[PDB]
Amino acid sequence: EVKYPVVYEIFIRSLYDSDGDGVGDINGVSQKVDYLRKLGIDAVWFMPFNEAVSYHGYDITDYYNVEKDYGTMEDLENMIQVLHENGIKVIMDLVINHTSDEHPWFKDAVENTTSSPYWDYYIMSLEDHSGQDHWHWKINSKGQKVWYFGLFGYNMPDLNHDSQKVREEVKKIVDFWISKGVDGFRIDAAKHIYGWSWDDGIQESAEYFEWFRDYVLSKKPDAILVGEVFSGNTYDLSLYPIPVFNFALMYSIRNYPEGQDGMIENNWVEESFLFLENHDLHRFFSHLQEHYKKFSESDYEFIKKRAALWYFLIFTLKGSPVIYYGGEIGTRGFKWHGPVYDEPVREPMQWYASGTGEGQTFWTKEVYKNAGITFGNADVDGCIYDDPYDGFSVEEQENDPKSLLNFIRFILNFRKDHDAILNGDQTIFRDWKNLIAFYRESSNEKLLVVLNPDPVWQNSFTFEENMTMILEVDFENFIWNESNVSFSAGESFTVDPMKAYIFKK
Amino acid sequence: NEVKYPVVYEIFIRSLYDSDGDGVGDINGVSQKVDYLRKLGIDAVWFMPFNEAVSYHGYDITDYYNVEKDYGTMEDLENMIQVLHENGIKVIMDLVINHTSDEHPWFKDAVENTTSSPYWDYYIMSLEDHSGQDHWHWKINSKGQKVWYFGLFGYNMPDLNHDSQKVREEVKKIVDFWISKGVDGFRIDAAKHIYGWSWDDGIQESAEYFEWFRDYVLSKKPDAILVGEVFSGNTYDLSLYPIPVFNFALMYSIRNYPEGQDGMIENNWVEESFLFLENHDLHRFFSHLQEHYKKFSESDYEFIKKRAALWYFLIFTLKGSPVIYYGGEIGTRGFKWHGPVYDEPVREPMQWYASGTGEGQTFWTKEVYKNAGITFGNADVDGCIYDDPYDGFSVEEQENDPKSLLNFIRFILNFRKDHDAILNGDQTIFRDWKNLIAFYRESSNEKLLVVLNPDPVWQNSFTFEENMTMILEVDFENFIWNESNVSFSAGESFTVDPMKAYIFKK
Ligand SMILES: [Ca+2]
Ligand SMILES: [Ca+2]
Ligand SMILES: [K+]
Ligand SMILES: [K+]
Ligand code: NA
Ligand code: NA
Ligand code: NA
Ligand code: NA
Ligand code: NA
Ligand code: NA
Ligand code: NA
Ligand code: NA
């Protein structure tokens, strides 16, 4: 009964360690269900929890088992039950573009070549493919050289989705996890299902998800589906027959954090999931710092205010908003380019003022130590982009009325009470740099949402019908209230710089 | 004998060539490397700021009328301009007039003497309280008055007040002065920000400002080169300016779609804009491509080289002045950092030698990296995070290697010199597909058809609208090129394979 649930993206390894090895785990997730519920989220998307070679989980070796680092199948079933009991759905990261090169299917294809049932699961050859783009090779025990295609590299051989066996195997994976209680799927690398290069075959990849959608919805009509199509082009995003993450809006906001004429209409993708950061990007807070060249601590409050304003927008626009774990406390982080790469935007969630306490994950500390990184005291406290006592923690923000955490909790709690946002259509009313205004309307409620992201210039509009102000936000003073004020059709309303309002019919 | 679209080489003096041994690239060093520049096929050099300034990059100026001492003397500069001129190379000065250093004597006087200072009107200053207002800063003078001032880029970069006619007169005077030194044109820093109370405020007002600036400069020197740095990927914003600007839209589009995209040329077109693939504020293009493909291994260098080469080919044949950032021609690597260093790693010592060391090699970064505790890439030892000894990335290793990026670029630039249609011609789009970029260049003296297929997989084809002769073929996948002529007739069909380019002549 909620068309546009709020999604929380969790990296299990960095959330909560329930047994002391420093690694976030599945029982750890269950132990933080109260925090999730109070945050106001409707669903969790987990980064991959299948058995996999690498820490991030995107190179899978068993689709039907749980990564041992995270726990057991029993743990997973229990956690799904706990989240459900708390009104929270579970979205599974489905990684079917490729497997690990350590997947038993692939190992068998390498060993037994054309005699292997899995030879046709992949894109393989015994003919020399040296020098060809994205082709790799292994030598099996018989000394034979086996060539295979792998867009993402030698350790991620591509699956052959022209094989009906592979399609049946995808159906079995879907069936299996639906039987465990999973509520939907986030489909990894949805851009690349087909294509002989990075930007080849988006039409064929989109077409693939017609059969996939039909199958999943046949088994579970209310299933959540979202594809990761890593493109900022609205045409590419709109091609897909399933919802996708709206990278266009995300990039637009990052490029124009003080607004831009036409921002909403120009980056609109119907039914898309709205977000500001994820496990593949610089953290949004850090991006804003870089944008403003404001890297010092006296600029934190300045940055917080701009961040909050764009969260407000994706929480009120039509579509499902996605919060990346820790985004709600302003978690910082930049991708690196060696000797570590995406670890620093996937760091331990900061529960504690001091950076340490019960359940605190710290798996990164050994990673950073072995890599020789001491910047940010990373090799001792585990985080390049967080320090003890710096205000970035759940503990420090929890009872602070001006924290980003409590703003987000406030808006998400507000959101639950308004069917026009949860289920409604949308009609853009204004789409200017300093005046974003849109109606949300379901059969039960009609709202007008307005926001001025410009730090300098006010704007105004005339009411089209009688409405009541039910929310006011002042991002510059960082205060908000729900005092009701009536307005009449024909009345002019001024929207000051960095304010937002919601009016109700 | 005019060239409307000269090839520009962007030089960071500190990182090019050290002529006196302190490890700091200097102006005499530039003169000593004039043969390399001429032979590369460069028509003009744009120098990062060489005025007296606080920081290593030069963008916080304390004297518009003197040369930074790290780089040399005014006499050095005059001789260097002479040397480049004698070699057919023009000189473009980085003109930084949005702001000065807070250590500029004008600003110091304004703070100290307030409304009695001749320079009070030069800045955006006030004795009224501005606490809490964004981009407002203050200093307290010797009389204990708190002086407030606007500084978009920060407290140490107070904005000049361009609504003041005194500041307009000062700008005229700076321009006149450097013109009298033989400077051939100006790259205008932060042209997006001349006006505006915030980062994205006042672009129209800033564009309007350059009408009077252009009119004044051209009145003094009709053939002056002008290009504004407007840091925006929006073609409408870029096209608003009455002077040429760097085409950030095309650069971002190529970086986002390095295997082509429908409408690439037309959707990112900015008339008279300067074309480029990297600069001193961006990740190096070679490194960008590595990240894009997740190909950071040395076994992938060849693969990356080929892609880099085809986009250089494009910006060397499209209408506009192409700009090469120093070391781009050997595929120099580099990522911006976010602490303890920032843009230093994309502004590292030019790699002249296979070994990393040799006469004139700059190494000013070695101390920077040592003091910041950076040992990655052995940087505290050889001064480069993003270069190693004997790794193939140097002028020495590439200069006589037939398949090097340097030899390809040098080849195309010297080819370019012989074709008036590129140097001076108009442009007419013929095809604008992901796997078929094709456009005419035509001057009164020559007509060309340029064709490129950046798609690594899918061929395409077109039909000739008139008889033309193929005068260049480039195979990027095999990394070979040739100028053996082949005639073609109107109505004849031509197939453009993946990763190939052609130039046909009427
Ligand atoms: Ca902290
Ligand atoms: Ca080298
Ligand atoms: K992934
Ligand atoms: K600059
Ligand atoms: Na654990
Ligand atoms: Na694809
Ligand atoms: Na694929
Ligand atoms: Na830290
Ligand atoms: Na020197
Ligand atoms: Na501006
Ligand atoms: Na300014
Ligand atoms: Na090095």
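Tabulated values for the structure
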read-out: Cα shape, region B:97-161, gyration tensor, a/c 1.5 rule; value: oblate
read-out: Violating pairs (Cα-Cα greater than 32 angstrom) within the set B:294/B:366; B:4/B:305; A:32/A:416; A:365/A:433; A:293/B:172; value: A:365/A:433
read-out: Sequence ranges A:51-59, A:127-135, B:224-232, ranked by mean other-Cβ count within 10 angstrom, highest first; value: B:224-232, A:51-59, A:127-135
read-out: Residue A:245 long-range amide H proximity, modeled H, under 5 Å; value: A:227, A:229, A:273
read-out: Long-range HN-HN contacts of residue A:470 with modeled amide H, under 5 Å; value: A:502, A:503, A:504
read-out: Charge dipole (region B:397-506, unit charges on Cβ, about Cα centre) - positive-most of B:467, B:478, B:428; value: B:428
read-out: Selection from B:490, B:203, B:100, by position along the positive dipole direction of chain B (Cβ); value: B:490
read-out: Counted charge near residue A:83, where neighbours are those whose Cβ lies closer than 10 Å (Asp, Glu -1; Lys, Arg +1); value: 0
read-out: 20 Å Cα-Cα reach of residue B:108 towards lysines, excluding residues that sit fewer than 8 places from it in its own chain; value: B:139, B:143, B:146, B:166
read-out: Nearest-0.05 FRET efficiency for residue B:486 and residue B:459, computed from C-beta distance (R0 22 Å); value: 0.80
read-out: Fraction of antiparallel bridges per DSSP, the protein assembly as shown only, in percent to nearest 5; value: 65 percent
read-out: Neighbourhood net charge (13 Å Cβ-Cβ; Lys/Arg +1, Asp/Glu -1) for residue B:435; value: -4
read-out: Neighbour-count order for A:337, A:136, A:84, fewest beta carbons within 10 angstrom listed first; value: A:84, A:136, A:337
read-out: Extension gain from residue B:267 to residue B:109, taking 0.36 nm per residue of separation minus the Cα-Cα distance; value: 52.0 nm
read-out: Cα centre as origin, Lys/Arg/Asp/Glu Cβ charges: chain B dipole, Debye; value: 580 debye
read-out: Whole-Hz ³J(HN,Hα) from phi, Karplus 6.51 cos²θ - 1.76 cosθ + 1.60, for region A:229-236, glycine and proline x; value: 10, 7, 8, x, 8, 5, 5, 4
read-out: Modelled FRET efficiency - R0 25 Å, residue A:477 with residue A:442, Cβ distances, 0.05 increments; value: 0.20
read-out: Exposure proxy ranking, count of Cβ atoms within 10 Å, fewest first, for B:238, B:436; value: B:436, B:238
read-out: 5 angstrom amide H check on residue B:63, placed H, neighbours 5+ away; value: B:52
read-out: Average beta carbon contacts from partner chains per residue of A:195-201, 10 Å cutoff; value: 5
read-out: Modelled FRET efficiency - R0 41 Å, residue B:256 with residue B:87, Cβ distances, 0.05 increments; value: 0.65
read-out: Student exercise, the protein assembly as shown dipole from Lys, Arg, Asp, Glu Cβ charges, in Debye to nearest 20; value: 900 debye
read-out: Three-way shape call for the protein assembly as shown based on the alpha-carbon gyration tensor, with the a/c threshold at 1.5; value: oblate
read-out: J(HN,Hα) series, region B:324-329, from Karplus relation 6.51 cos²θ - 1.76 cosθ + 1.60, nearest Hz, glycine and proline x; value: 9, 7, 3, x, x, 6
read-out: Footprinting exposure proxy for B:50, A:493, A:315 (fewest neighbouring C-beta atoms within 10 Å first); value: A:493, A:315, B:50
read-out: Signed unit charges on C-beta, dipole axis of chain B, positive-most listed residue B:340, B:71, B:36; value: B:36
read-out: Rounded to 10°, Cα long-axis angle of helix A:164-179 versus longest principal axis of chain A; value: 50 degrees
read-out: Overall form of chain A per C-alpha gyration tensor (a/c, 1.5; a/b vs b/c); value: prolate
read-out: Using alpha-carbon coordinates, inclination of helix B:405-416 to the longest axis of chain B, degrees; value: 80 degrees
read-out: Crossing angle, helix B:74-86 versus chain B [Cα axis fit, 0-90 degrees, rounded to tens]; value: 20 degrees
read-out: Summed residue charge, Cβ within 9 Å of residue B:303's Cβ, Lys/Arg positive, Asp/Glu negative; value: +1
read-out: Given charges at beta-carbon only (K, R positive; D, E negative), |dipole| of region A:424-505 in Debye; value: 100 debye
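A short reminder: the numbers here are calculations on the coordinates, not readings from a lab. Note: ideal-geometry Cβ built from the backbone for every residue, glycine included; neighbour counts use all protein chains shown.
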